[PDB]
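Here is the structure we will look at, set down as C-alpha cells.
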C-alpha cells in the first residue's frame, strides 16, 4: 500500500517487446467485483431427480477470482504472428501480477432510482494461496477471462468447488474449506497489491509440422537386405500347393518394408460430417459417444487423446467429440446451430498419430493349420507399446495455456489433453472479496447473526506480465514455407477488429503450427 | 465497526507410552449424510453437531 | 539357537491442510468385549483381529 | 558384565555404619527364579459367579521382580534402636542396587528322579523401567520381600497387573503391556548388573510423641480475658426466667476456654474388643464395615485415616479395620484365630487425632426460640476445616517404607495411609526373566509357535544399599524418657532369634515413636 485518496496507485505498463531470444508481454484491464451470496457460504448439490452421472456435491463461496488461462489475453493477433511464422517452439518462463487503483462504491435503492457514491473507508481483501491448499478450479476452461480486446471491462467470476458425493448426499471424506481462514491483505483506496511467480522447467511446445510421414523414412532408390514372406502358395498345377517364397522390399512395395517405429496410441471416436444430409437420422449423440466409466457413472471423453481428425481429402468429416469447438461472437448457450460454432481442424498430425475415426490396425485372431484358414480382427484401441511416437494437440489462440497435474502416485507423461503446459505447481489462484459492512444495529444486544449489510461493490485495474522463451528455426529447405496470411480481398468488415457497433470479434481459430520440420 | 484480531501461544505436553494395543481416537463417521458435520448447511448456517471433550488418550494411574 | 535384532530408520512426510472439518481416524471400539483387540487371549495366543490399511487422512486431488 | 566362569562377579558388602548425621545400610540375600507361565502371557479375570465388587480383569506376565519395601529388610532389631531411641526423625536420602554371581541350572525329569546340571551358555535378562511406564505394583504390601534374617533364601515373585473392567469383561480403554518391548540387559554367567537412585525431597517421619494434648495449651494459673456464655437462665422466683450471664474461663473450667486449633479429621470406625465374650453374636464383619463406594462397587477402607485407637484406660478395644495387623511366624492364610495375629496399637496420637471409634463432636441442628427448645446431633465424619492439625501413622518395622502418589490433577497432603513416604517418582521396579531355550525342532519347517522348551531355572545374589538422614533431638526435659527395652527375665527362647529348629521369628510389632516432644 501507499499514499492514497488523490494519488494513483499505479500506471499502465501494458506493452509487448521482443529481444530476439525471449518475449515479454504485458496487458491491463478494468474489472468490477460484486458481492456474492450475501456474504455467506452455501452448500450446493444437484437436483433431486437427475441421472446417476449428473450428481454433484459442493460449496459456493462469497469470494471471487482472477483467471488468465488463455493466450488471447496475452497476445494480440499481430503479436501472435512473430511467434507462429518465425519460431519452432515457445514456453512460459516467468510471470508478474498486480492490482491497483482500487475504489469502492456504495449504492442506495431509495425510491425508484438508485444513487451511487464513494465509500472511502471501505476495504477489499486479496490473497494468493501458493501452497496449493485449495481445490484448483483453473484449467477447467470456464468463462471469465480477461477480455481479448484491451478496451473492454469484465466481471470477476465467483468461486466454488466440489468434493466426494454419494448420490446427491455427501460422504464422510468430503472436505469443507473456509477461505476466511487464510491470511489475506486488506486493501483500502490508496493501497495496492503485487506478487511474482516462476515457472518450473517444461518442454517447448512444438509449432512445427512434419515434412515426412512415419510411413516413408527411407530412400526409394535402394533395396533393403531384409526379407519378408511375399507369397504363400504356388501354382504347381491346375491346383495350387503350399510353398513359401520370400522377397526383398524395394520402392515398388514400401508397404512391406521393415521399420523401427509405430504410430501413437488411439482410443477411437465416432465420425460425423458437416454436410447435414450425410449424417444418420436418430439420436446417437449420447449412445454413440466414446466414454470412460468411473465409479459406476459414465463421462464423455471430450478432447480425447491427440489424433489426426479428417484423414486425407475428406475435410467434411470430424470426430464426434474429438476436437475443440469455439463459438463465434454472441452465441447462445444451448442447442446452437452448426454455422455459429467454429470447429477446429487438426490435420497436421497425420504423419504420426492415427486418424481419430479409424482403427489402429489389424491383429491375428487364430492359429492357422491345414484345414483352418487364417483370420484377423481390427483393433479399435491401443495403449502404449515400446517404440511408438506421437505429437500433442495445438494450443491455438483462445484456448487454455496451462493445467495442473493431479497429485498422484503415478502419471504417464503429463501433457494435458485440451492443450498447453502441464505444471506440477501452476500459477497460484488469486482470490478477492468485498469486506462486509454492517448496517445500523439495534440498540439492545442481540447475539443473533447479522442479516443486514450495506450494499456495495468495488472496481479497479489489473495488470499481468509474462516472459516467454523462444526456440528459433534453422532449416535448409529450398522452397518457401506456408505462412498465416490475412486475405487481401475487400470486405465489409476487417478481420479481428471492431464492427460498426463497437463489438470486437475473432473470425476463426488460429493454430500454432505452420513452419515445417523433417521427421 | 471494524476488525479485531487475537493471537494466543499454547504449550503442549507430549505423550510417551508403551501401550501395545491402539488408543481410542476422535473420528468423524464415514457414512453418507445429508449434511456434513461442522459445516454450513444449504442456507449458510454454521452449526456444531455435538460437544467434543479433550480426554481420549489413556495413561495408567 | 540364539537372538536376532533388526533396526530400521524411516522418513516421514507431514501433512499441512486447511480442511475445516475433522478427519476420519483409526479407532478401537470403546464397547465392552470378552477379549481386547490385538492382545493375548486366556491361553496366551496373540492374534490380529482385522487388516489395517495405511490411508485415512485426506488430501485434495 | 565382566570375565566369568571361574571368577566371581561380586563380593558381600552387607554392613551398617553410623556417621553421626546420616545412616548407611547394606544387606545381601540369595534368590531363586523359576520360569512362570511357560514363557507366555495370559489374560486373567475373576470367576464367572462372583460379587459385583469382586470382579477384575488383567494379565499375568512371565516376568518376575525384586521388592524391598519393608524396613526389616534394611534394619536388624538392634540397628533399629539407634534410630528409635536416639532420634526425632529420619528420611531416605539415597539408595544403590546390584545383582551378581548369576548361575543357571537345567533340570532333566528322566525316569523317576530328576538331575540338575549347569547350563553355562544360558542367559538372564534384567531391566528397570525408571520412566514409570508400567503399572506400579509396589506399595500394595504383597508378600515376597527379602527375608528379614540374612541367612534365608527367597523366591522371586511373579509380576502381573490389572486394568479397567466391566463385569468380568474388558472395556475399550484397557491397556496391554508387553514387557518384551522394553530394552533390557542380557546377563550370562560372568555378567553383573547395577543401578543407583536418588530420592526426591520428602519431609521427615516423626518419631516423637507429644507431651501435651491439644486440649491443654495454657497455664492454669492465669485467667483469660475473653468471655463465654456460662448460664442461660436465672432463678427469678419459684419459676426461672431467661437472663444471659457471661464468665471468664480459668483453671476451674478449661473446657470453656478459647483455643486457636481443632483436632484432625475423622471417618468413623466400628469398635470391637479382644475379649471374646464382649462382642456381639452375629456377622457384622461386612455389614458393619466402613466403606467407600466407587463406580457402583463397595470397597472396605482398611487402614483408614490416621486416628488414635483405644482411647484411654481401655486397651481391650480396637477399631474394626482401623489398624494394621501382622501375623506371627507360620500363620495360615484364612480364618486364623486371635492369638495368631499381632494387632498394632496406636495410642500416641490421642493428643491430636480423635479416637477412631467415637464421634468428632456435636453440632447444632435447629434455631431456638421461645417455644422451641435447642437440639444438636453428633457428627460422625469431618473433612478438613481451616486450622486443624494431625499426625500420621507409624511406619513400624515390618511395614512398608514408601508408596507412589497417583498421577492426578489434584491430591491433598500426599502422605500414604498404610505408612511411610509418599513419592512422586519412587524407586523403579526391577524385572527379571529366564531367556527361553528351544528344544529339538523338527527337521521340516513348520511356522507354528514352539510349545517345547528346556526346563531350567536360575539363582544368584542381590545387594541393596540405602542412605538415611537423621534428625537429632535437643530437649530440656528433666526426667527420663520412655525407651524400648527387651525384658530381662529368663525365657525358653530369646526374642528376635532363631529357635531350636532354626526358624527366625519376630515376637511383636515395634513402632517408631518413643521419645517425647512438647506440642
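Rule-based calculations on the coordinates, nothing more; no lab input. Every residue, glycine among them, receives a Cβ derived from its backbone with ideal geometry; neighbour counts consider all protein chains shown.
What the table below lists for this structure:
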{"read-out": "Percentage, to the nearest whole number, of Cα pairs in segment A:1-157 over 23 Å apart", "value": "57 percent"}
{"read-out": "222 nm mean residue ellipticity, helices alone, for chain A (DSSP H n ≥ 4; -39,500 (n - 2.57); rounded to 500)", "value": "0 deg cm²/dmol"}
{"read-out": "Packing-based exposure ordering (other Cβ within 10 Å, fewest first) of D:339, A:473", "value": "D:339, A:473"}
{"read-out": "Translational diffusion coefficient (Stokes-Einstein; Kirkwood radius from C-alpha pairs) of segment C:10-61 at 37 °C, 0.692 mPa s, in µm²/s", "value": "223 µm²/s"}
{"read-out": "Number of partner chain Cβ atoms within 10 Å, mean per residue of D:175-184", "value": "4"}
{"read-out": "For segment A:3-519, diffusion coefficient by Stokes-Einstein and Kirkwood Rh (Cα), 37 °C, 0.692 mPa s, µm²/s", "value": "119 µm²/s"}
{"read-out": "Label point at residue C:38 placed 7 Å out along Cα→Cβ; residues across segment D:135-172 whose backbone nitrogen lies under 17 Å", "value": "D:171-172"}
{"read-out": "Inter-probe distance in nm under a simple model that places probes 7 Å from Cα toward Cβ, at residue D:340 and residue D:472", "value": "4.8 nm"}
{"read-out": "Separation of the residue B:58 and residue A:151 label points, Cα + 7 Å toward Cβ, nm", "value": "7.7 nm"}
{"read-out": "Rounded FRET efficiency, nearest 0.05, which uses the C-beta distance separating residue D:103 from residue D:137 and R0 of 41 Å", "value": "0.90"}
{"read-out": "Overall Cα dimensions of the protein assembly as shown, principal axis frame, Å, largest first", "value": "143, 102, 56"}
{"read-out": "Average partner coverage of A:160-166, which counts Cβ from other chains inside 10 Å", "value": "2"}
{"read-out": "Shielding score for A:34-41, defined as the mean number of other chain Cβ atoms within 10 Å", "value": "2"}
{"read-out": "Neighbour-count ranking [beta-carbon atoms within 10 angstrom, fewest first] of D:401, D:454", "value": "D:454, D:401"}
{"read-out": "Mean shadow area of segment A:238-313 over all directions, Cα convex hull, nm²", "value": "12.4 nm²"}
{"read-out": "Calculated FRET value between residue B:25 and residue D:169, using beta carbons and R₀ = 25 Å, to 0.05", "value": "0.70"}
{"read-out": "Segment A:27-68 - Rg over Rh from alpha carbon coordinates, Kirkwood radius", "value": "1.15"}
{"read-out": "Protection-proxy order for peptides D:366-372, D:198-204, A:504-510, each taking the mean of Cβ atoms within 10 Å per residue, highest first", "value": "A:504-510, D:198-204, D:366-372"}
{"read-out": "Whole-Å semi-axes of segment D:376-494's equivalent ellipsoid (Cα gyration tensor)", "value": "51, 29, 17"}
{"read-out": "Sorted peptide list for A:148-159, D:429-440, D:5-16, D:286-297, criterion being average Cβ within 10 angstrom, highest first", "value": "D:429-440, A:148-159, D:5-16, D:286-297"}
{"read-out": "Two-site label geometry, residue A:313 and residue A:79: point separation in nm, points 7 Å out along Cα→Cβ", "value": "4.4 nm"}
{"read-out": "Hydrodynamic radius of segment A:92-245 per Kirkwood, over alpha carbon pairs, in Å", "value": "24.5 Å"}
{"read-out": "Residues residue A:459 and residue A:86, FRET efficiency given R0 of 56 Å [Cβ-Cβ distance, rounded to 0.05]", "value": "0.90"}
{"read-out": "Order of D:318, D:445, A:176 - criterion: other Cβ atoms within 10 Å of each residue's Cβ, fewest first", "value": "D:445, A:176, D:318"}
{"read-out": "DSSP bridge orientation in the protein assembly as shown - percent antiparallel, rounded to nearest 5", "value": "90 percent"}
{"read-out": "Where Rh is the Kirkwood radius over Cα pairs, Rg/Rh for segment A:270-418", "value": "1.01"}
